[PDB]
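J.: The structure is given below, and queries will be raised subsequently.
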Amino acid sequence: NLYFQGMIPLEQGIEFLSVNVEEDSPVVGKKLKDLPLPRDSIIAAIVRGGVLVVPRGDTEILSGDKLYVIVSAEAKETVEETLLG
Amino acid sequence: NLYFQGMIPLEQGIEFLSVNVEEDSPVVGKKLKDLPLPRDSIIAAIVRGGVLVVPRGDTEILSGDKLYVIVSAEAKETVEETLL
């Protein structure tokens, strides 16, 4: 199947992006509620084996997950570094 | 000031869309936790007066809000009907 990968602008100063979680990403095995994310960032959705996972605080991020993120321009690089290193 | 409006596919069977909340919207003043939504749907973000609002269960939708939604193909019409 075709799929979204990369980033698109939503508004003045807000972007939508995808993150592919690799085996060595620092977020692997962490629960969403325990991630030190900037206040202007959102883990909007997880796609896992092609299936939508609705994120909740107790959701554990796994190797191979695809994350969809909404984030301010100011916070984008910090969120990416938090997720991927 | 350019902006996203409409819908795009993300994956097979998953769509990303925007909704503009008007004064006649059935969901005005409702908390997100109280909205009747199908399993495969997510209120991904709110933009309010140009500012990002992180959706929480107790977040109230206001007239004029812009919602960004992630939904399965199968759930999309149901979500649009609930919100609009």
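By convention in this document, the chains of the structure tokens carry letters A, B, ... by their order, each chain's residues are numbered from 1, and ligands are numbered from 1 in the order they are shown.
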Determine, using only C-alpha atoms, which residues of chain A have any atom at most 10 Å from an atom of chain B, and tabulate each with its shortest atom pair and distance in Å to one decimal place, rows ordered by chain and then rising number, as JSON lines.
T.:
```
{"residue": "A:1", "atom": "CA", "partner": "B:12", "partner_atom": "CA", "distance": 6.0}
{"residue": "A:2", "atom": "CA", "partner": "B:11", "partner_atom": "CA", "distance": 6.5}
{"residue": "A:3", "atom": "CA", "partner": "B:11", "partner_atom": "CA", "distance": 4.7}
{"residue": "A:4", "atom": "CA", "partner": "B:10", "partner_atom": "CA", "distance": 4.9}
{"residue": "A:5", "atom": "CA", "partner": "B:10", "partner_atom": "CA", "distance": 8.4}
{"residue": "A:8", "atom": "CA", "partner": "B:4", "partner_atom": "CA", "distance": 8.8}
{"residue": "A:9", "atom": "CA", "partner": "B:4", "partner_atom": "CA", "distance": 7.1}
{"residue": "A:10", "atom": "CA", "partner": "B:4", "partner_atom": "CA", "distance": 4.9}
{"residue": "A:11", "atom": "CA", "partner": "B:3", "partner_atom": "CA", "distance": 4.7}
{"residue": "A:12", "atom": "CA", "partner": "B:1", "partner_atom": "CA", "distance": 6.7}
{"residue": "A:13", "atom": "CA", "partner": "B:50", "partner_atom": "CA", "distance": 8.7}
{"residue": "A:14", "atom": "CA", "partner": "B:52", "partner_atom": "CA", "distance": 7.5}
{"residue": "A:15", "atom": "CA", "partner": "B:4", "partner_atom": "CA", "distance": 9.9}
{"residue": "A:18", "atom": "CA", "partner": "B:10", "partner_atom": "CA", "distance": 9.7}
{"residue": "A:39", "atom": "CA", "partner": "B:54", "partner_atom": "CA", "distance": 8.0}
{"residue": "A:40", "atom": "CA", "partner": "B:52", "partner_atom": "CA", "distance": 6.7}
{"residue": "A:41", "atom": "CA", "partner": "B:54", "partner_atom": "CA", "distance": 7.3}
{"residue": "A:42", "atom": "CA", "partner": "B:54", "partner_atom": "CA", "distance": 6.5}
{"residue": "A:43", "atom": "CA", "partner": "B:44", "partner_atom": "CA", "distance": 8.0}
{"residue": "A:44", "atom": "CA", "partner": "B:44", "partner_atom": "CA", "distance": 4.8}
{"residue": "A:45", "atom": "CA", "partner": "B:70", "partner_atom": "CA", "distance": 7.4}
{"residue": "A:47", "atom": "CA", "partner": "B:11", "partner_atom": "CA", "distance": 8.7}
{"residue": "A:50", "atom": "CA", "partner": "B:11", "partner_atom": "CA", "distance": 7.5}
{"residue": "A:51", "atom": "CA", "partner": "B:13", "partner_atom": "CA", "distance": 8.7}
{"residue": "A:52", "atom": "CA", "partner": "B:40", "partner_atom": "CA", "distance": 6.8}
{"residue": "A:53", "atom": "CA", "partner": "B:40", "partner_atom": "CA", "distance": 7.8}
{"residue": "A:54", "atom": "CA", "partner": "B:42", "partner_atom": "CA", "distance": 6.7}
{"residue": "A:55", "atom": "CA", "partner": "B:42", "partner_atom": "CA", "distance": 8.5}
{"residue": "A:68", "atom": "CA", "partner": "B:44", "partner_atom": "CA", "distance": 9.2}
{"residue": "A:69", "atom": "CA", "partner": "B:44", "partner_atom": "CA", "distance": 8.7}
{"residue": "A:70", "atom": "CA", "partner": "B:45", "partner_atom": "CA", "distance": 7.2}
{"residue": "A:71", "atom": "CA", "partner": "B:52", "partner_atom": "CA", "distance": 8.2}
{"residue": "A:72", "atom": "CA", "partner": "B:52", "partner_atom": "CA", "distance": 7.5}
```
J.: Please run DSSP on the backbone and report, as a short mmCIF file (atom, residue, chain, number, x, y, z; two decimals) with N, CA and C atoms, in the first residue's frame, all residues within chain A that come out as alpha helix (DSSP H).
T.:
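File written: states.cif
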```
data_model
loop_
_atom_site.label_atom_id
_atom_site.label_comp_id
_atom_site.auth_asym_id
_atom_site.auth_seq_id
_atom_site.Cartn_x
_atom_site.Cartn_y
_atom_site.Cartn_z
N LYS A 76 9.56 21.07 16.99
CA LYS A 76 9.71 19.91 16.12
C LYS A 76 11.02 19.12 16.30
N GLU A 77 12.14 19.83 16.27
CA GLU A 77 13.45 19.17 16.36
C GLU A 77 13.59 18.44 17.72
N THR A 78 13.14 19.09 18.80
CA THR A 78 13.18 18.49 20.14
C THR A 78 12.35 17.22 20.21
N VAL A 79 11.15 17.25 19.65
CA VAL A 79 10.32 16.02 19.65
C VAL A 79 11.01 14.89 18.86
N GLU A 80 11.56 15.22 17.71
CA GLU A 80 12.24 14.18 16.92
C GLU A 80 13.43 13.56 17.66
N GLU A 81 14.20 14.40 18.33
CA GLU A 81 15.36 13.93 19.10
C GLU A 81 14.94 13.08 20.29
N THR A 82 13.83 13.46 20.92
CA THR A 82 13.29 12.70 22.04
C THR A 82 12.87 11.30 21.60
N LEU A 83 12.27 11.23 20.42
CA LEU A 83 11.73 9.97 19.93
C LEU A 83 12.84 9.08 19.33
N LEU A 84 13.72 9.68 18.54
CA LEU A 84 14.68 8.92 17.73
C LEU A 84 16.12 8.99 18.20
#
```
J.: Taking only chain A into account, list the residues labelled strand (DSSP E) by DSSP (computed from the backbone), as a PyMOL selection string.
T.: chain A and resi 7-11+14-20+41-48+51-53+66-72
J.: For the selection just defined, write its residues with N, CA, C and O atoms to a file, as a compact mmCIF listing (two decimals), in the first residue's frame.
T.:
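Output below, filename out21.txt:
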```txt
# COMPACT_ATOMS: atom_id res chain seq x y z
N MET A 7 6.70 15.13 6.33
CA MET A 7 6.08 16.22 7.08
C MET A 7 5.28 17.12 6.15
O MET A 7 5.68 17.37 5.00
N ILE A 8 4.17 17.62 6.68
CA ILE A 8 3.42 18.64 6.00
C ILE A 8 3.02 19.75 6.93
O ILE A 8 2.73 19.52 8.10
N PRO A 9 2.94 20.97 6.39
CA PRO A 9 2.45 22.07 7.23
C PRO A 9 0.94 21.96 7.43
O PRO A 9 0.22 21.62 6.49
N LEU A 10 0.47 22.28 8.63
CA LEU A 10 -0.96 22.41 8.88
C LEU A 10 -1.43 23.88 8.93
O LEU A 10 -2.41 24.25 8.30
N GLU A 11 -0.74 24.68 9.73
CA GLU A 11 -1.07 26.08 9.91
C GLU A 11 0.22 26.86 10.04
O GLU A 11 1.30 26.26 10.05
N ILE A 14 2.47 25.19 12.84
CA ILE A 14 2.13 23.85 13.26
C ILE A 14 2.29 22.88 12.08
O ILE A 14 1.80 23.13 10.97
N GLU A 15 2.97 21.77 12.36
CA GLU A 15 3.26 20.73 11.38
C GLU A 15 2.82 19.33 11.80
O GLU A 15 2.61 19.06 13.00
N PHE A 16 2.60 18.51 10.79
CA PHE A 16 2.23 17.11 10.94
C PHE A 16 3.35 16.28 10.38
O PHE A 16 3.78 16.47 9.24
N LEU A 17 3.82 15.33 11.16
CA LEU A 17 4.89 14.48 10.68
C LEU A 17 4.80 13.03 11.10
O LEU A 17 4.14 12.70 12.08
N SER A 18 5.50 12.17 10.35
CA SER A 18 5.63 10.78 10.72
C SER A 18 7.04 10.48 11.26
O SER A 18 8.03 11.08 10.83
N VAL A 19 7.09 9.53 12.19
CA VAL A 19 8.31 9.02 12.78
C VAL A 19 8.26 7.50 12.71
O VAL A 19 7.29 6.89 13.17
N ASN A 20 9.29 6.89 12.14
CA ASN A 20 9.44 5.45 12.22
C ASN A 20 10.37 5.08 13.38
O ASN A 20 11.55 5.49 13.44
N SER A 41 3.32 19.60 21.66
CA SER A 41 3.50 18.41 20.84
C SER A 41 2.53 17.31 21.25
O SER A 41 2.15 17.21 22.44
N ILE A 42 2.17 16.48 20.28
CA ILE A 42 1.14 15.48 20.42
C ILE A 42 1.54 14.26 19.64
O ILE A 42 1.85 14.34 18.43
N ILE A 43 1.54 13.10 20.30
CA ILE A 43 1.61 11.82 19.57
C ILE A 43 0.18 11.50 19.21
O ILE A 43 -0.59 11.01 20.05
N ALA A 44 -0.17 11.81 17.97
CA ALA A 44 -1.57 11.74 17.50
C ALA A 44 -2.08 10.31 17.27
O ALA A 44 -3.23 9.99 17.58
N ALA A 45 -1.24 9.43 16.71
CA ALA A 45 -1.67 8.09 16.34
C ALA A 45 -0.43 7.23 16.25
O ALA A 45 0.69 7.73 16.04
N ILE A 46 -0.67 5.92 16.40
CA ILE A 46 0.33 4.87 16.16
C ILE A 46 -0.24 3.98 15.08
O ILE A 46 -1.45 3.67 15.08
N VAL A 47 0.61 3.57 14.14
CA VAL A 47 0.26 2.51 13.20
C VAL A 47 1.25 1.35 13.44
O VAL A 47 2.47 1.56 13.43
N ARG A 48 0.69 0.16 13.68
CA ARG A 48 1.45 -1.01 14.14
C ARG A 48 0.96 -2.19 13.32
O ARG A 48 -0.21 -2.55 13.39
N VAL A 51 -2.09 -1.41 11.34
CA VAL A 51 -3.34 -1.29 12.09
C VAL A 51 -3.26 -0.03 12.95
O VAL A 51 -2.25 0.24 13.58
N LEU A 52 -4.33 0.76 12.95
CA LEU A 52 -4.39 1.96 13.81
C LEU A 52 -4.45 1.55 15.29
O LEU A 52 -5.28 0.70 15.68
N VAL A 53 -3.57 2.14 16.09
CA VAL A 53 -3.61 2.04 17.54
C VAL A 53 -3.89 3.44 18.09
O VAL A 53 -3.14 4.39 17.84
N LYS A 66 5.00 3.12 13.72
CA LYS A 66 4.97 4.39 13.04
C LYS A 66 4.12 5.34 13.87
O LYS A 66 2.98 5.03 14.23
N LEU A 67 4.70 6.48 14.19
CA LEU A 67 4.01 7.49 15.00
C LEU A 67 3.65 8.67 14.11
O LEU A 67 4.44 9.08 13.25
N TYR A 68 2.44 9.18 14.29
CA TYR A 68 2.03 10.44 13.67
C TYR A 68 1.99 11.50 14.74
O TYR A 68 1.38 11.32 15.80
N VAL A 69 2.68 12.59 14.46
CA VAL A 69 2.94 13.66 15.44
C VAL A 69 2.46 15.01 14.92
O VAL A 69 2.69 15.33 13.76
N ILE A 70 1.80 15.78 15.78
CA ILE A 70 1.46 17.18 15.51
C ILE A 70 2.26 18.03 16.49
O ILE A 70 2.26 17.79 17.71
N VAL A 71 2.96 19.02 15.96
CA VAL A 71 3.92 19.75 16.76
C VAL A 71 4.10 21.17 16.23
O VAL A 71 4.01 21.42 15.03
N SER A 72 4.35 22.10 17.15
CA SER A 72 4.73 23.42 16.73
C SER A 72 6.08 23.39 15.99
O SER A 72 6.92 22.49 16.19
```
J.: List the neighbours of residue A:57 out to 10 Å using only C-alpha atoms; skip same-chain residues closer than 3 positions along the sequence, and give me the result as a PyMOL selection string.
T.: chain A and resi 31-35+60
J.: Quick one: residues within 6 Å of residue A:30, only C-alpha atoms counted, chain neighbours fewer than 2 positions away excluded, as a PDB file with N, CA, C and O atoms, in the first residue's frame?
T.:
```pdb
ATOM      1  N   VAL A  27      12.786   5.653  22.615  1.00  0.00           N
ATOM      2  CA  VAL A  27      11.408   5.501  23.098  1.00  0.00           C
ATOM      3  C   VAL A  27      10.903   4.053  23.127  1.00  0.00           C
ATOM      4  O   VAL A  27       9.837   3.782  23.688  1.00  0.00           O
ATOM      5  N   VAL A  28      11.640   3.123  22.522  1.00  0.00           N
ATOM      6  CA  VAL A  28      11.197   1.727  22.533  1.00  0.00           C
ATOM      7  C   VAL A  28      11.051   1.210  23.981  1.00  0.00           C
ATOM      8  O   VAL A  28      11.974   1.347  24.805  1.00  0.00           O
ATOM      9  N   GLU A  60       2.483   1.334  25.286  1.00  0.00           N
ATOM     10  CA  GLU A  60       3.924   1.113  25.130  1.00  0.00           C
ATOM     11  C   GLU A  60       4.321   1.239  23.659  1.00  0.00           C
ATOM     12  O   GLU A  60       3.685   0.647  22.786  1.00  0.00           O
ATOM     13  N   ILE A  61       5.358   2.019  23.394  1.00  0.00           N
ATOM     14  CA  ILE A  61       5.862   2.171  22.028  1.00  0.00           C
ATOM     15  C   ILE A  61       6.806   1.006  21.737  1.00  0.00           C
ATOM     16  O   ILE A  61       7.652   0.628  22.579  1.00  0.00           O
TER      17      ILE A  61
END
```
J.: List the neighbours of residue B:31 out to 7 Å using only C-alpha atoms; skip same-chain residues closer than 5 positions along the sequence, and give me the result as a PyMOL selection string.
T.: chain B and resi 57-61
J.: Produce a file of the selected residues containing N, CA, C and O atoms, as a PDB file, in the first residue's frame.
T.:
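Once everything was written out, this is selection.pdb:
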```pdb
ATOM      1  N   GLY B  57      -9.136  14.419  27.659  1.00  0.00           N
ATOM      2  CA  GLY B  57     -10.514  14.055  27.937  1.00  0.00           C
ATOM      3  C   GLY B  57     -11.406  15.205  28.381  1.00  0.00           C
ATOM      4  O   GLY B  57     -12.575  15.266  27.993  1.00  0.00           O
ATOM      5  N   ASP B  58     -10.875  16.121  29.198  1.00  0.00           N
ATOM      6  CA  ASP B  58     -11.676  17.214  29.740  1.00  0.00           C
ATOM      7  C   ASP B  58     -11.641  18.485  28.874  1.00  0.00           C
ATOM      8  O   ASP B  58     -12.258  19.494  29.248  1.00  0.00           O
ATOM      9  N   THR B  59     -10.936  18.438  27.731  1.00  0.00           N
ATOM     10  CA  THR B  59     -10.899  19.576  26.812  1.00  0.00           C
ATOM     11  C   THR B  59     -12.294  19.812  26.249  1.00  0.00           C
ATOM     12  O   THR B  59     -12.914  18.895  25.747  1.00  0.00           O
ATOM     13  N   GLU B  60     -12.774  21.049  26.319  1.00  0.00           N
ATOM     14  CA  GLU B  60     -14.076  21.425  25.778  1.00  0.00           C
ATOM     15  C   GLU B  60     -13.879  21.987  24.387  1.00  0.00           C
ATOM     16  O   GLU B  60     -12.985  22.794  24.184  1.00  0.00           O
ATOM     17  N   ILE B  61     -14.699  21.536  23.441  1.00  0.00           N
ATOM     18  CA  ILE B  61     -14.733  22.091  22.080  1.00  0.00           C
ATOM     19  C   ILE B  61     -15.502  23.408  22.078  1.00  0.00           C
ATOM     20  O   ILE B  61     -16.601  23.515  22.638  1.00  0.00           O
TER      21      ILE B  61
END
```
J.: Figure out the distance between atom CA of residue A:37 and atom CA of residue B:27, please, to one decimal in Å.
T.: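 One can read the atom CA of residue B:27 to atom CA of residue A:37 distance as 28.9 Å.
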J.: Just the residues within 8 Å of residue B:84, please, counting only C-alpha atoms, with nothing from its chain fewer than 4 positions along; format it as a PyMOL selection string.
T.: chain B and resi 21+25-27+80
J.: The selected residues should be written to file as an mmCIF file, in the first residue's frame (atoms: N, CA and C atoms).
T.:
```cif
data_model
loop_
_atom_site.group_PDB
_atom_site.id
_atom_site.type_symbol
_atom_site.label_atom_id
_atom_site.label_comp_id
_atom_site.auth_asym_id
_atom_site.auth_seq_id
_atom_site.Cartn_x
_atom_site.Cartn_y
_atom_site.Cartn_z
ATOM 1 N N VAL B 21 -15.370 23.773 13.428
ATOM 2 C CA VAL B 21 -16.505 23.794 14.351
ATOM 3 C C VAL B 21 -17.217 25.143 14.214
ATOM 4 N N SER B 25 -22.707 23.596 15.335
ATOM 5 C CA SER B 25 -22.139 22.261 15.504
ATOM 6 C C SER B 25 -22.786 21.574 16.695
ATOM 7 N N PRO B 26 -23.147 20.299 16.538
ATOM 8 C CA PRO B 26 -23.741 19.575 17.664
ATOM 9 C C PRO B 26 -22.792 19.363 18.847
ATOM 10 N N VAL B 27 -21.491 19.515 18.633
ATOM 11 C CA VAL B 27 -20.535 19.186 19.679
ATOM 12 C C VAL B 27 -20.017 20.404 20.428
ATOM 13 N N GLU B 80 -17.741 12.267 11.153
ATOM 14 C CA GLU B 80 -18.224 13.527 10.553
ATOM 15 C C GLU B 80 -19.655 13.852 11.020
#
```
J.: Between atom CA of residue B:48 and atom CA of residue B:22, what is the spacing in Å?
T.: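 Atom-to-atom, atom CA of residue B:22 to atom CA of residue B:48, that is 12.6 Å.
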J.: For atom CA of residue B:78 and atom CA of residue B:7, determine how far apart the two atoms are, in Å to one decimal place.
T.: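 Atom CA of residue B:7 lies 15.2 Å from atom CA of residue B:78.
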